[PDB]
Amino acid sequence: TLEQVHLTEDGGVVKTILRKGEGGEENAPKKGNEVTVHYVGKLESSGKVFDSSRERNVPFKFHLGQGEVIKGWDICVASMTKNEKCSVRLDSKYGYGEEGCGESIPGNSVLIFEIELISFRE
């Protein structure tokens, strides 16, 4: 595998599947569901890790497709099924754009996230 999945027309979100998830539409999260993910985020430019839920030993929950998180995450996680692990490359358009965010993410940064979809629920 290492299937590469193009998720936006502009090339700004491209997912590489590292471990395939479970089969079926019943194993795919729906818009508005709560998802639980583990992730590691690094800058493409330097390879430097700026955030990791794995380092914290506890995953992160959000509601899918609601704009609670960066656009790249909504788009990426919507494409995943339970237990899938992927690495997603996000152009700055799908991250923090021209401004960046705080000390660890410069403006116009391409972000690389390893994301694992642990579970989801209503």
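Throughout, rigid core stands for the largest set of C-alpha atoms superposing within 1.5 Å between the two forms. One rule holds for the numbers: they count along the sequence shown, beginning at 1.
- Rigid core fits of the other structures in 5 other deposited structures of this protein place the C-alpha atoms of one stretch farther away on average; of 79 to 87 and 24 to 32, that stretch is 24 to 32.
- For the pair 76 to 84 and 46 to 54, the record assigns the higher mean C-alpha temperature factor to 46 to 54.
- Higher mean CA temperature factor between 90 to 98 and 31 to 39: 90 to 98, per the PDB entry.
- Per the deposited record, 105 carries the highest C-alpha B-factor of all listed residues (17, 105, 112, 13).
- Compared with the other modelled residues of the chain, the Cα B-factor recorded for residue 2 ranks in the highest third.
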